[PDB]
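**Student:** Below you'll find the sequence and an experimental structure to go with it.
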Amino acid sequence: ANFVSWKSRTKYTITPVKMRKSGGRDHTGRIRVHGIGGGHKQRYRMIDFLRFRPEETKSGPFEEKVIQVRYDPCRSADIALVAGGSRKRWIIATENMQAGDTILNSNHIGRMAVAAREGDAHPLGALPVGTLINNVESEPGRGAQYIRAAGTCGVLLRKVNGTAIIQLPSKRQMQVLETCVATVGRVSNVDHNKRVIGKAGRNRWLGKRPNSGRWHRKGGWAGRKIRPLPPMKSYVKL
Amino acid sequence: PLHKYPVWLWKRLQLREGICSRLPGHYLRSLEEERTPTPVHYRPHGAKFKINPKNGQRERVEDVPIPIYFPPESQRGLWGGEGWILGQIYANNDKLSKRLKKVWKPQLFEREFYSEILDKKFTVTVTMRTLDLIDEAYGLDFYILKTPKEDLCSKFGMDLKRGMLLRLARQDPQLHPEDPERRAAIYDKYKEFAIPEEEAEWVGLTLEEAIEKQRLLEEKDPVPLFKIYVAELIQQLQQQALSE
Amino acid sequence: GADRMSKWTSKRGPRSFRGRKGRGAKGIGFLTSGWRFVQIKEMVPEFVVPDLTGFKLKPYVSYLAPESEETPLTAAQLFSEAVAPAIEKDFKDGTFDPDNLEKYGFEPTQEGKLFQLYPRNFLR
Amino acid sequence: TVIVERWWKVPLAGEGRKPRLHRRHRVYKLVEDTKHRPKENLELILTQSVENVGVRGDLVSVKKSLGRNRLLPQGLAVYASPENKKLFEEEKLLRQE
Amino acid sequence: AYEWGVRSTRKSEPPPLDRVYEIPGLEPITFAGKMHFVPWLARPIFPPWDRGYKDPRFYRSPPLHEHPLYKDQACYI
RNA sequence: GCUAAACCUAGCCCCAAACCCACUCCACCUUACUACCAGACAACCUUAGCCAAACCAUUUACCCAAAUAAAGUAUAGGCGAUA
RNA sequence: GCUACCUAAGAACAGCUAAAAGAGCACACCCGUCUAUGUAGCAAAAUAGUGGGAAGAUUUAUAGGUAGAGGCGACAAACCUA
RNA sequence: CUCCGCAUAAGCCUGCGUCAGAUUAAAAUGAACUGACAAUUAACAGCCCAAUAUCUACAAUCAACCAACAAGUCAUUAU
RNA sequence: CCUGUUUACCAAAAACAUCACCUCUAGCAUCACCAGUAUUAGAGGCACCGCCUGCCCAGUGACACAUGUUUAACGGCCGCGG
RNA sequence: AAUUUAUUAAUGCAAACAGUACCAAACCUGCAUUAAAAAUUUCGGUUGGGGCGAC
Ligand SMILES: [K+]
Ligand SMILES: [K+]
Ligand SMILES: [K+]
Ligand SMILES: [K+]
Ligand SMILES: [K+]
Ligand SMILES: [K+]
Ligand SMILES: [Mg+2]
Ligand SMILES: [Mg+2]
Ligand SMILES: [Mg+2]
Ligand SMILES: [Mg+2]
Ligand SMILES: [Mg+2]
Ligand SMILES: [Mg+2]
Ligand SMILES: [Mg+2]
Ligand SMILES: [Mg+2]
Ligand SMILES: [Mg+2]
Ligand SMILES: [Mg+2]
Ligand SMILES: [Mg+2]
Ligand SMILES: [Mg+2]
Ligand SMILES: [Mg+2]
Ligand SMILES: [Mg+2]
Ligand SMILES: [Mg+2]
Ligand SMILES: [Mg+2]
Ligand SMILES: [Mg+2]
Ligand SMILES: [Mg+2]
Ligand SMILES: [Mg+2]
Ligand SMILES: [Mg+2]
Ligand SMILES: [Mg+2]
Ligand SMILES: [Mg+2]
Ligand SMILES: [Mg+2]
Ligand SMILES: [Mg+2]
């Protein structure tokens, strides 16, 4: 079919971009995921998940000022508009973030730990043990791919040979380098899991279609299954 | 009604008229030739007669080749006459079991060879058989120059041949311009495959590539009639003067 | 229920179809921004009409005329009438060479001309 | 290299005719795949000294993977052809004299 | 990090050249003389074409750095 | 007495022979028959099944390059049907 | 080009109550509960009356997409040109 | 009587204008059938745009109080 | 439970969906899920709320594999005489 | 229910490949194994109708 993806823009901007829905269909045009269709129209706001992204003419630790914390219809968390130097960008807001705060983005790993403030971005080897974190990355410069959802938070367990042991929201441990940047604190909208849809129509506004009426018989996959926490996932090559 | 000629002869009737009739002779002979390829995916009997064990009589035996399907990606490499075998099988080799579709594919590798006549390295896709055939010919140049077309089974292998034969006929000095002695030594090893340039420039070309070539050799703006009539005039005036 | 055996015309189809289809009239310009059409004076055919004053010929010819036979004109017929006389004269004079063929009337090329013969760039 | 064989017999065609193939003549049975047979060595002549053999013009039956991958590209070893043996035979002859 | 623009929306890589252009001393037979594409002939390589005359409706401005009024020191307007 | 009835041409069929194969101008792969602008998509790949076997499951004739004859012979085949 | 679901960009919803509403009364509009009529008919599924909904999971025009070993489906073995 | 009506879009393509008629409607004046002749005139509408880089956080709802979520249809500059 | 949905052309319903509750799976990026990241997404069951959801892992299945684990998994949850 | 694993996935061996007595990432190909999801075909007779029972 003549399907073209809307994710064509090649330059970053804070302007809300118009995106088109899929309906659970792939480029072939056939349904590949059920339960997706319709919903209120939405404009996408690019999010910069690389906190430490010095400007073209600048290098080293920099600071940004929070301008506005607003609602995002493309994610469960809230986004914040920060401005440093001559540029502006969207980021994931933390639990306690207001218009007027000044956040820090640094890559310096000092001999000693640093007093951790919420919203600040430091490497994993520059934070004390037991510190809550969010938006971690697998390797340096990869970009934050974890702990992005509302209220989610990790914790730093220990540091070993330039490697940090991270505990994910699924109570699973992940091992990465100490040069990977993470943000301190929890993610915004802590009470998102306590929302009540109330009526079926409100799920049709979110782009969710009703389940199939066909009756299925359960198999052996069903039923409680007490299995042990899987081993630690390591992105460090030795 | 009926056709004057059978349908299987229509393709050779197109080579008698038109621009194809104006093609070289040696090229046209190489097309109608249907020499048998070398067996790859089956063993030949080796003899013409055998003694059937059941009755003990001298029966005749014939070698029937197995159809081989050559994918288009085989014309960009050197598979050595190998290809896919599109056939059937019996489950558990039992005739009374049901019959299934089976495809046997060859194992391909991406190697790098060097040609001495061309002084250039190519990254071709090959099979284990091609590597053995290059070791029996003692180089890639002999393999490309000895092996015929029906055994090469590659358009790229036939274009290399044309490239090599053109340098053996033109005696191209571009090969090692700064090493005359070395160059001469290379052409003295492949002197048994030398073919005149006139005949070595049509090697490997298909019927569609040759027609386009011959068309370009005949393409020329028509001569104006102003010049033709002047020649007739001047030539005619001279004859008139003699009679006077 | 559609007539697939009827001539497709600009009168058929929705608004976008009826405006894009024409009738065979050649264009004399282009559309600019704002749907503003720009007319090119050089694209409009200029009629070259001659003066018909004191012209003897008339639409018809009197029947009191001979039944001359038809001799279609050929290239060889045109060469001998116009080009040959000049060549014969120079041949007798003793000064004739191919280099001067352009002087006799021959055209080596058609470029740099207003009315080229092939491919012709003028109207009947 | 996959080598196969037909289950059913093919009737003789004659002298100068092509056989008549049927739908049953597409059924094959795997006879042998040459990629599972014992490997063989590669007879080569050494143009330069090598860790395995430091004598020039010496015959070595190395594995196919060793000669094709390293020796032949580098030019350390040349193909042990009837003509190459003669060239190196002369050098050996000079040493004897 | 995360790059913007999916490869499916980007311009597809040009088709790989035929292997006849890798063999020295050999002229490829293309469909340039036929004035139209055919699958059984090599794809020719045309040289960069220039209109040769000015046409406002089809004008292409020169690169930025070539503009006369170009300064390294930026001016915030 | 109405309605009707009646007809012999049009051409067609099977062979033989011979290989076959265009044109005034203009328009036509975009919504064909649409005068006029930046492109690069490209072709190849075992026919299956009905049916027969009184089911069906291996199997079941399909011009393939000379008429005849060798011969429905050798041979193949749930060694059955049949080939 | 019917229909099922989806995509893009559009359109429509009086008046009253409450003004919060997948809220109520009730036009347009959508549906088709019960009854009679009709049964080669006005109609290869209609007519009259009576009814359900009518700011929402609403209705609807336009262009496009998913094709039969399949698609689509708030599963009726529905619907995919009577 | 008024179930409407006028117009636009879509679709259709000369399909109740004149003359004539043996054709036609239940109807030998009429006519949607036949033959000939005539006819719809752009301002509405359709048919658009030089290049490169760059800009575009702050709904709508009389948009002002006010209150929301399902978070929204409209903008540039430089050469 | 509710508004809602279905057998266009004999069934509009107690059938389907549904807010809620629960089980299972997944530690991740450049064409769907998603330009998303376990307070997420997907596969399913039941059916708002309120009081509750009891016993059984022998068998089948699934998971883990060395025993073993698991029923809001398929399913099951006595009898004779006085 | 009988037949089958072509297809898909996993695993193993082979093939291919390297390095300092030990041993080589995956992709691809071939041969096996196990699942998944499917495919082809059938569902006998007698019978005071058939089914059940019986034969
Ligand atoms: K039957
Ligand atoms: K009409
Ligand atoms: K309906
Ligand atoms: K109802
Ligand atoms: K169990
Ligand atoms: K009876
Ligand atoms: Mg949100
Ligand atoms: Mg979303
Ligand atoms: Mg559900
Ligand atoms: Mg259900
Ligand atoms: Mg049968
Ligand atoms: Mg419609
Ligand atoms: Mg939409
Ligand atoms: Mg209202
Ligand atoms: Mg309501
Ligand atoms: Mg109501
Ligand atoms: Mg529906
Ligand atoms: Mg049902
Ligand atoms: Mg049923
Ligand atoms: Mg206008
Ligand atoms: Mg209630
Ligand atoms: Mg019904
Ligand atoms: Mg009903
Ligand atoms: Mg229910
Ligand atoms: Mg229970
Ligand atoms: Mg008792
Ligand atoms: Mg039986
Ligand atoms: Mg019976
Ligand atoms: Mg009975
Ligand atoms: Mg019984």
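**Tutor:** Received the coordinates, thanks. Numbering: from 1, shown residues only, chains lettered A, B, ... in the order given. Ligands and ions are numbered 1, 2, ... in the order given.
**Student:** Any idea how many residues pack against residue D:78?
**Tutor:** 19 (other C-beta atoms under 10 Å in any protein chain shown). Just so you know, the C-beta spots here come from the backbone N, C-alpha and C atoms, and that holds for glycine as well.
**Student:** And residue B:16, by the same measure?
**Tutor:** The burial count for residue B:16: 8, using other C-beta under 10 Å.
**Student:** who's in contact with it?
**Tutor:** Contacts for residue B:16 (C-beta atoms under 8 Å, 6 or more residues apart in numbering or on different chains) come out as none.
**Student:** Show me what secondary structure element comes after the lengthiest strand in chain A.
**Tutor:** In chain A, with assignment by DSSP state E, the single longest strand is strand A:62-71. Next along the chain after strand A:62-71, taking DSSP states H and E as the criterion, comes strand A:78-84.
**Student:** packing partners for the next helix-or-strand element following that following strand?
**Tutor:** Next helix or strand after strand A:78-84 toward the C-terminus (DSSP H and E): strand A:87-92. Here strand A:87-92 touches strand A:78-84, going by 3 or more C-beta pairs under 8 Å, 6 or more residues apart in numbering or on different chains; DSSP states H and E.
**Student:** what are the pairing partners of the strand it packs on, and which direction each?
**Tutor:** Strands that pair with strand A:78-84, judged by DSSP bridges, come out as strand A:62-71 (antiparallel), strand A:87-92 (antiparallel).
**Student:** so, in contact with RNA strand I or not, that strand?
**Tutor:** No: Strand A:78-84 lies out of reach of RNA strand I by C-beta under 7 Å from any atom of the strand, never closer than 9.8 Å.
**Student:** Could you give the separation of stretch A:216-236 from the chain centroid?
**Tutor:** Put simply, stretch A:216-236 sits 24 Å off its chain's centre (C-alpha atoms, centre = their mean, to the nearest Å).
**Student:** Any idea how far apart the tips of that stretch sit?
**Tutor:** End-to-end distance of stretch A:216-236 (C-alpha to C-alpha, to the nearest Å): 44 Å.
**Student:** That one and RNA strand G, any residue contact?
**Tutor:** No: applying C-beta under 7 Å from any atom of the strand, one finds stretch A:216-236 out of contact with RNA strand G, separated by at least 9.6 Å.
**Student:** List the contacts of that stretch.
**Tutor:** So stretch A:216-236 is contacted by A:138-139, A:163, A:165, A:171-177 (C-beta under 8 Å, 6+ apart).
**Student:** Can you select the buried ones from these in ChimeraX?
**Tutor:** Burial among the contacts of stretch A:216-236 is assessed by 16 or more other C-beta atoms under 10 Å in any protein chain shown; the matching ChimeraX selection reads:
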select /A:138,163,165,173,174,175,176,177
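**Student:** quick revisit: and the longest strand of chain A, which residues are buried?
**Tutor:** Of the residues in strand A:62-71, those buried (16+ other C-beta under 10 Å) are A:62, A:64, A:66, A:69.
**Student:** What distance do you get for the second one to residue D:61?
**Tutor:** Plainly put, residue A:64 is 71 Å away from residue D:61 if you go by C-beta to C-beta, to the nearest Å.
**Student:** on that earlier part again, can you pull the alpha-carbon coordinates of the longest strand of chain A into PDB?
**Tutor:** Below are the C-alpha coordinates for strand A:62-71, written out as PDB (Å, rounded to 0.1, in the frame of the first residue of the first chain):
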ATOM      1  CA  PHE A  62      25.800  23.900  31.700                       C
ATOM      2  CA  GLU A  63      22.600  25.000  33.400                       C
ATOM      3  CA  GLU A  64      19.000  25.500  32.100                       C
ATOM      4  CA  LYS A  65      16.000  27.300  33.500                       C
ATOM      5  CA  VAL A  66      12.600  25.700  33.700                       C
ATOM      6  CA  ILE A  67       9.900  27.800  31.800                       C
ATOM      7  CA  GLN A  68       6.800  25.700  31.700                       C
ATOM      8  CA  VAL A  69       5.600  22.300  32.900                       C
ATOM      9  CA  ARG A  70       2.700  21.200  30.700                       C
ATOM     10  CA  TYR A  71       0.600  18.100  29.800                       C
END
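**Student:** Strands along chain D, start to end?
**Tutor:** Under DSSP E, chain D gives strands at D:2-6, D:28-33, D:41-46, D:59-63, D:77-79.
**Student:** For residue B:73, see how far away residue E:28 is.
**Tutor:** Counting by C-beta to C-beta, the gap from residue E:28 to residue B:73 is 20 Å.
**Student:** same question but for residue C:85, I mixed them up
**Tutor:** 70 Å.
**Student:** which bits of chain A sit near RNA strand H?
**Tutor:** Counting by C-beta under 7 Å from any atom of the strand, the residues of chain A near RNA strand H are A:11, A:13-16, A:18, A:39-43, A:67-68, A:70-73, A:81, A:88, A:202, A:205-206.
**Student:** Now list the buried members of these.
**Tutor:** The neighbour-count criterion (16+ other C-beta under 10 Å) marks A:14, A:72, A:81 among the residues of chain A next to RNA strand H as buried.
**Student:** hey, what's the residue nearest to the second one when sequence neighbours are not counted bridged with?
**Tutor:** Counting by C-beta to C-beta, 6 or more residues apart in numbering or on different chains, the nearest residue to residue A:72 once its immediate chain neighbours are dropped is residue A:79, at 4.6 Å. The bridge-partner assignment for residue A:79, based on DSSP bridges, gives residue A:70, residue A:92.
**Student:** Give me the number of neighbouring residues for residue A:198.
**Tutor:** Neighbour number of residue A:198 under other C-beta under 10 Å is 8.
**Student:** can you check residue B:95 too?
**Tutor:** 9.
**Student:** show me what contacts it?
**Tutor:** Residue B:95 touches residue D:7, counting by C-beta under 8 Å, 6+ apart.
**Student:** gap between it and residue D:51?
**Tutor:** According to C-beta to C-beta, residue B:95 and residue D:51 sit 56 Å apart.
**Student:** Chain C: strands as residue ranges?
**Tutor:** Using DSSP E, strands in chain C cover C:29-32, C:36-39.
**Student:** what residues does chain B put near RNA strand I?
**Tutor:** Counting by C-beta under 7 Å from any atom of the strand, none of the residues of chain B come close to RNA strand I.
**Student:** OK, now which residue of chain B is nearest to RNA strand G?
**Tutor:** RNA strand G sits closest to residue B:101 of chain B, with a gap of 11.0 Å, by C-beta to the nearest atom of the strand.
**Student:** Doesn't that residue lie inside a helix?
**Tutor:** No: assessed with DSSP: H, G, I helix; E, B strand; the rest coil, residue B:101 is strand; it does not lie in a helix.
**Student:** In stretch B:215-229, which residues are buried?
**Tutor:** The neighbour-count criterion (16+ other C-beta under 10 Å) identifies residue B:229 as the buried residues of stretch B:215-229.
**Student:** okay, how far is it across it, tip to tip?
**Tutor:** End-to-end for stretch B:215-229, by C-alpha to C-alpha: 28 Å.
**Student:** That one and chain C, are they touching?
**Tutor:** Yes: under the criterion of C-beta under 8 Å from any C-beta of the partner chain, stretch B:215-229 makes contact with chain C via B:224-226, B:229.
**Student:** Pick out the residue in chain E sitting closest to RNA strand G.
**Tutor:** For chain E, C-beta to the nearest atom of the strand, closest residue to RNA strand G: residue E:9, 15.4 Å.
**Student:** Now that residue. Nearest residue, chain neighbours left out?
**Tutor:** residue A:8 (4.0 Å).
**Student:** residues contacting that neighbour?
**Tutor:** Counting by C-beta under 8 Å, 6+ apart, residue A:8 touches E:5-6, E:9.
**Student:** List just the nearest of those to residue C:38.
**Tutor:** Relative to residue C:38, the closest of those is residue E:9; by C-beta to C-beta it sits at 35.7 Å.
**Student:** thought that closest one was touching residue A:27?
**Tutor:** No: using C-beta atoms under 8 Å, residue E:9 is not in contact with residue A:27, being 11.6 Å away.
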